[PDB]
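Scroll down for the structure; my scribbles are underneath it.
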Amino acid sequence: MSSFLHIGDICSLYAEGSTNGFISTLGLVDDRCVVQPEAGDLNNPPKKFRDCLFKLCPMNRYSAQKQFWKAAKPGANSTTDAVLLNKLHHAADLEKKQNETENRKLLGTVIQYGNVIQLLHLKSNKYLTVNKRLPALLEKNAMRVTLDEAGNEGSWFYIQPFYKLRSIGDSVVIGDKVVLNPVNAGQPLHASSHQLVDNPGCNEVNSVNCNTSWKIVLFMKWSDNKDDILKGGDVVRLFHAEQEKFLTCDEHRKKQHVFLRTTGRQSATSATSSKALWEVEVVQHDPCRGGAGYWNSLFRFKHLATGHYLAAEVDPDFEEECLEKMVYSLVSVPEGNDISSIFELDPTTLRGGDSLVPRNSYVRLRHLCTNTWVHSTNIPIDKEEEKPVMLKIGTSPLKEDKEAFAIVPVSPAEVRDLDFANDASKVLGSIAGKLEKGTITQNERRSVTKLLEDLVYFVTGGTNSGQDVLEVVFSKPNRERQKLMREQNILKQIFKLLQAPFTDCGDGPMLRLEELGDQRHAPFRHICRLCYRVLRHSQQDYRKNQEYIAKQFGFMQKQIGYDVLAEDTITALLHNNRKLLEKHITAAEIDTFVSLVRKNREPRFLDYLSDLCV
Amino acid sequence: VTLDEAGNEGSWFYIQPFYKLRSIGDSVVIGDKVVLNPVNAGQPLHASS
Amino acid sequence: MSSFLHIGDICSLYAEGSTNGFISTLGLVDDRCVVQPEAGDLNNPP
Amino acid sequence: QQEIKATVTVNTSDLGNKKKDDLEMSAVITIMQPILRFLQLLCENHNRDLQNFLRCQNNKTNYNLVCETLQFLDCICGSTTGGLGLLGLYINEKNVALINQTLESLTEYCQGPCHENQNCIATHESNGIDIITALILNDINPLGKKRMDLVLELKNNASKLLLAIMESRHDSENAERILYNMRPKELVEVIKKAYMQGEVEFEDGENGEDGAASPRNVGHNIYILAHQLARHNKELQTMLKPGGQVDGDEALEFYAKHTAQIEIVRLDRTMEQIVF
Amino acid sequence: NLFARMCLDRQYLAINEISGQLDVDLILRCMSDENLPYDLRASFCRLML
Ligand SMILES: [Ca+2]
Ligand SMILES: [Ca+2]
Ligand SMILES: [Ca+2]
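Residue numbers (the deposited numbering), protein chains in the order written: chain A, 5 to 328, 350 to 639; chain B, 149 to 197; chain C, 5 to 50; chain D, 1868 to 1887, 1955 to 2210; chain E, 738 to 786.
And the structure:
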């Protein structure tokens, strides 16, 4: 049957030719495009398929924004410009509003060959741009294809036919092979064969004359992309109604156990954790199509953190207990193409079968394969644990209204923040591992410094405006971002990086503490100051983060006096914190302060041990 | 608990949910389990042993 | 399928918990309410 | 238009740090002035056939030259960002003649009650009308310190064009847009401000006998336009009433006592209301 | 200042031995002596208090 492309449709691009594979991205912190050939093909989509999705958008006006950006840098010093700063900043805001207005108005229209479009990466919310003034990384005479948050003139593309069957002015049909030509570059988007050195199997994407064709694979219609409707590819929390607990999957005893976590929090729906997030999937005939959610559809639930699929299978342990009920128990299986992982969705009121599923409606889960209903059990998973927090979940053939779940939607911004935190933790760990051996390069130092600045702006909740990052003052920081930074092991990597330059591995530390006063280590001082700034921002007005940081007090004492800004962090930690100062202070810290007074006599140590006893 | 021909202030009841699935303002669905609370007594109707 | 309750509907009340049974009455001359557990249940009405 | 958009050079390095002969007109740009002049002369003497033949040619494909001229004016004057008080650094001594010619050609497209052309210009997709209102309201720098006559000519031509837009029509289909762009206040302060400049220049004498581009005449044209717009704005009607306790109304009484309304009937037996 | 903050809220474990050196007469003479800068005198005042 098929149909035409429309503005607002969500689709993926499949390279075909010399190298074939879906176009994807390396991460939120990296701005490179990658074709991965061994991940899968049209019949077998990649496991991390939500990365490979793009959204069709019309042209955006960038004139006023271009004027604002192109010389917002400091290049002159007079006293006759602030009025037009405000004036054309307001003009750029008005242009953004007009872009959004025309985007909403034009949504749904059919895309024809020869039109100009922009590709928006849903995972990153970043447009796909081609820079004509910059060469490619692994190729010499190509152009650089990257991702930009706001886009520019390089975001525009010609949608052109790869087949002589189609001609300019013809509507674009789903499944067609097209050619993506940038407006200002004139070279079709090319899926090169130059493998990336750092990520195995990744092939660079650049702009050069070639024969590559991008097969447009539909994933979601423009009319099925409603925020108020449950749909495939969403992230939800399965909240138990009566038990007032969240359905989580966590590793235990070298295996993944799905259970109902005994949340000790007074508020049931406050338990925001990264392991309670699930990826709703609607079963379709086409493996690469998502579609919408109907009351009579078939569903699959995918664990966001691990990628495993939720399934019910014949329990091996309690089956032996049946001969010495709960016929089957929920488990997490790695493969999601089986029939044991599929579920049926049952409403809680009188709702028509063909009607759309409301976004946050209570439901009942029925396992299609065994025709049983999900059920909550009080049997603890961790028998040996003195205070069990993992309750077994099984399924029973008898249906009841007590056992119901709530589909709590999760905003896309929260998912983007979680992914950014994961990527930042990974890159910080890699940088620390490289730095503890002293085999880094200048570009890596630039990358880690800009990463730390982005971390500062991320935790503080603000946006970059050219103001200094070290001496910036914000309002009360974002709370959930502080929670993310604690949970996603960002603090652990920060501590490891702070210990990295002075770490010894048998050949002596690569840097000396009192040697930081030289001019040759200005970037290292900058890195340490940014690390202590993110520490101070993370511990502010938060109990759990302060408790987490206070464990490293013995480590972070001995770096005071080297102008690494440990002063402000340690003062803030000791000032607005009362109980932690009671149970994490012993004679060791007092003796350390006394010794620091004795060797390097200066009043501020005296103030430090004076104000921590009052 | 008795029966009166014409009724009085003791005839009034709150229809309340026994399940956390339902909330005040939600329509009552056939087959639901509810709690009958008199307006002027405040003690749910009890089926003693 | 089911549906909502309406004013004017005729329905019975089934106790469930420690003691289960339909709420009934002893007679026209007596003004007492009674739950009779052994009369029957949802599958077997009294 | 493409050449202007690509080759426009507004230095925004003088634009982000401070108040806390070059690239002569191209041939493809210089040729616009004779093109606009010819297309103007095609429509003089209120030639109705050639006036409405430049918008719908009734051919296989129709090219609208009126919309294209409006877009040319919008792009040369500074697009949507120009109309936010940024006209000063988009208009130089080189392009004053071209903008003047565009304004005159647009006016003669609209002169005479050519309803279709007026509707087309007022309700166009682009934002030229905002540019015209910005020309009337906002001052120009640094042209407003060196060349007064050029700025006066620009303001006069913009006033004439807006009068031609609202010429002999009392429908509320085009006035609401102009009111949306500029509120009644700025109209009233511009009218007032023109009066002091006019009286100062007239007090000097030396052959000031009713100059065409005098600030007094520009203020009078603005007052006529406000009078025509007031039929769809009760707030503007209240502000236009003279004798108020607020000082500075002497301009309002001066303009109210020199403005006349008559009422004629066109050859096709329709009535038009004329303010002069 | 450290002594003053050390001897807060009836802390005899420091007062019993610190007071053995700084009697009332010495602190008060430091009070009257205007030669010292006023900050040191204020520290003496809070210590005596
Ligand atoms: Ca096809
Ligand atoms: Ca996933
Ligand atoms: Ca029910």
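All C-beta atoms, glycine included, are put in the ideal place defined by N, C-alpha and C.
When you compare the CB of residue 68 of chain A with every CB in chain B, is at least one pair closer than 9 Å?
By one-based count along the first sequence, residue 68 of chain A stands at place 64. Not an interface residue.
Residue 2104 of chain D burial status per 10 Å Cβ neighbour count (16 or more: buried):
Counting from one through the fourth sequence, the residue named residue 2104 of chain D turns up at place 170. It is exposed - the Cβ of residue 2104 of chain D has fewer than 16 other Cβ atoms within 10 Å.
So which residues of chain E does residue 639 of chain A contact, with C-beta pairs closer than 8 Å?
Translated into the one-based positions of the first sequence, residue 639 of chain A becomes position 614. 742 and 745, listed in chain order.
My output table needs one value for residue 37 of chain C: the three-state DSSP class, helix, strand or coil.
Start at 1 with the first residue of the third sequence, and residue 37 of chain C comes out as number 33. Note: residue 37 of chain C maps to strand in three-state DSSP.
Could you tell me if the beta carbon of residue 155 of chain B falls within a distance shorter than 8 Å of some heavy atom in ligand 3?
If you number the second sequence from 1, residue 155 of chain B lands on position 7. Checking every heavy atom of ligand 3 against the Cβ of residue 155 of chain B, none is found closer than 8 Å.
Contact the segment 51–58 of chain A vs the segment 122–133 of chain A: 3+ CB pairs below 8 Å
yes
Does DSSP put residue 220 of chain A in a helix, in a strand, or in coil?
For the purposes of this step, residue 220 of chain A is taken as the residue at position 216 of the first sequence. In the structure shown, residue 220 of chain A sits in a strand (DSSP, three-state: E or B).
Range covered by the beta strand (DSSP E) that runs through residue 415 of chain A:
The residue given as residue 415 of chain A occupies position 390 in the first sequence. It spans 415–421 - the beta strand (DSSP E) in which residue 415 of chain A sits, taken as one unbroken run.
Contact defined as beta carbons within less than 8 Å: I believe residue 448 of chain A pairs with residue 32 of chain A. What is the distance between those atoms, to the nearest angstrom?
Numbered from 1 along the first sequence, position 423 holds the residue referred to as residue 448 of chain A. Numbered from 1 along the first sequence, position 28 holds the residue referred to as residue 32 of chain A. The pair is a contact, with the Cβ atoms about 5 Å apart (cut-off 8 Å).
Around ligand 1, Cβ to any heavy atom closer than 6 Å, ordered along the chain:
A/177, A/179 and A/180
Which one of A/524, A/141 and A/262 has the shortest CA to CA distance from residue 417 of chain A?
Locating residue 417 of chain A in the first sequence gives position 392, where the first residue counts as 1. Taking only the C-alpha atoms, the option nearest residue 417 of chain A is A/262.
For ligand 2, enumerate in chain order all residues having a CB closer than 7 Å to any of its heavy atoms.
A/52, A/54, A/283, A/306, A/308 and A/311
Partners in chain A for residue 122 of chain B, counting only beta-carbon separations shorter than 9 Å
Shown here, chain B extends from 149 to 197; a query on residue 122 of chain B therefore has no answer.
Exposed or buried, which one is residue 5 of chain A when buried takes at least 16 other CB atoms within 10 Å?
Here residue 5 of chain A corresponds to residue number 1 of the first sequence, with the count starting at 1. By the neighbour-count rule (16 or more Cβ atoms within 10 Å), residue 5 of chain A is not buried but exposed.
Would you kindly check if the distance between the Cβ of residue 313 of chain A and the Cβ of residue 366 of chain A is under 9 Å?
For this step, residue 366 of chain A is matched to residue 341 along the first sequence. For this step, residue 313 of chain A is matched to residue 309 along the first sequence. Contact: yes.
From this set, D/2157, D/2166 and D/2014, which residue's C-alpha is nearest residue 2176 of chain D's C-alpha?
Within the fourth sequence, numbered from 1, the residue matching residue 2176 of chain D stands at position 242. Selected option, being the one with the closest Cα: D/2157.
In terms of residue numbering, what span does the beta strand (DSSP E) encompassing residue 1920 of chain D cover?
Chain D lacks coordinates between 1887 and 1955, the interval that contains residue 1920 of chain D.
Consider the C-beta atom of residue 6 of chain C and the heavy atoms of ligand 3; say whether any pair is separated by less than 8 Å.
Residue mapping note: residue 6 of chain C aligns to position 2 of the third sequence, counting from 1. It does: the Cβ of residue 6 of chain C is within 8 Å (strictly closer) of some heavy atom of ligand 3.
DSSP puts residue 371 of chain A in a beta bridge; with which residues?
Along the first sequence, read from residue 1 onward, the residue named residue 371 of chain A stands at position 346. The partner list for residue 371 of chain A (beta bridge, DSSP) reads A/389.
Alpha carbons only, please: which of A/588, A/218, A/266 and A/410 is nearest the one belonging to residue 401 of chain A?
Translated into positions along the first sequence, residue 401 of chain A becomes position 376. Ranking the options by Cα distance to residue 401 of chain A, first place goes to A/266.
Would you mind working out which of A/429, A/68, A/352 and A/169 sits nearest residue 390 of chain A, comparing C-alpha positions?
One-based indexing of the first sequence puts residue 390 of chain A at position 365. For the residues A/429, A/68, A/352 and A/169, the minimum Cα distance to residue 390 of chain A belongs to A/429.
Residue 100 of chain A versus residue 2063 of chain D: straight-line alpha-carbon distance, rounded:
One-based indexing of the first sequence puts residue 100 of chain A at position 96. One-based indexing of the fourth sequence puts residue 2063 of chain D at position 129. Taking the straight line from one Cα to the other gives about 21 Å.
Three-state secondary structure (DSSP) of residue 23 of chain A
Stepping through the first sequence from its first residue, residue 23 of chain A is reached at position 19. Residue 23 of chain A falls in the coil class under three-state DSSP.
Report yes if the C-beta distance between residue 502 of chain A and residue 562 of chain A is below 9 Å; otherwise report no.
If you number the first sequence from 1, residue 502 of chain A lands on position 477. If you number the first sequence from 1, residue 562 of chain A lands on position 537. Going by C-beta atoms, residue 502 of chain A is nearer than 9 Å to residue 562 of chain A.
Three-way DSSP call (helix, strand, coil) for residue 235 of chain A in this model:
Here residue 235 of chain A refers to the residue found at position 231 of the first sequence. Three-state DSSP puts residue 235 of chain A in a strand.
Mind checking residue 49 of chain C: buried by the 16 CB within 10 Å criterion, or exposed?
Indexing the third sequence from 1 puts residue 49 of chain C at position 45. Flag for residue 49 of chain C reads exposed.
Hey, out of A/355, A/188 and A/243, whose CA is closest to residue 386 of chain A's CA?
Your numbering for residue 386 of chain A matches position 361 in the first sequence. Nearest option by C-alpha distance: A/243.
Using the DSSP secondary-structure output, state which residues sit across from residue 399 of chain A in a beta bridge.
For this step, residue 399 of chain A is matched to residue 374 along the first sequence. Beta-bridge pairing links residue 399 of chain A to A/420.
For the segment 2004–2011 of chain D and the segment 2055–2071 of chain D, state whether three or more C-beta atom pairs, one from each stretch, are separated by less than 8 Å.
yes
Which residues does DSSP list as the beta-bridge partners of residue 2197 of chain D?
Translated into positions along the fourth sequence, residue 2197 of chain D becomes position 263. According to DSSP, residue 2197 of chain D bridges with D/2207.
What residue from A/606, A/612, A/36 and A/475 has the CA that sits closest to residue 203 of chain A's CA?
Position 199 of the first sequence holds residue 203 of chain A. Cα-wise, what sits closest to residue 203 of chain A is A/36.
Return no unless some Cβ of chain A is closer than 9 Å to the Cβ of residue 739 of chain E.
Start at 1 with the first residue of the fifth sequence, and residue 739 of chain E comes out as number 2. Closer than 9 Å to some Cβ of chain A, the Cβ of residue 739 of chain E qualifies, so yes.
With a threshold of 8 Å, are at least 3 pairs of Cβ atoms found where one atom belongs to the segment 297–314 of chain A and the other to the segment 158–177 of chain B?
no
Given a cut-off of 9 Å, decide if residue 515 of chain A and residue 450 of chain A are closer than it, judged by their beta-carbon atoms.
As a working mapping, residue 450 of chain A is identified with position 425 in the first sequence. As a working mapping, residue 515 of chain A is identified with position 490 in the first sequence. Yes, the Cβ-Cβ distance between residue 450 of chain A and residue 515 of chain A is below 9 Å.
Give me the DSSP bridge partner(s) of residue 253 of chain A.
Reading the first sequence from its first residue, position 249 is the one you call residue 253 of chain A. A/262, per the DSSP bridge assignment.
Environment of residue 194 of chain B [buried if 16+ CB atoms lie within 10 Å]
Counting from one through the second sequence, the residue named residue 194 of chain B turns up at place 46. Classification for residue 194 of chain B: exposed.
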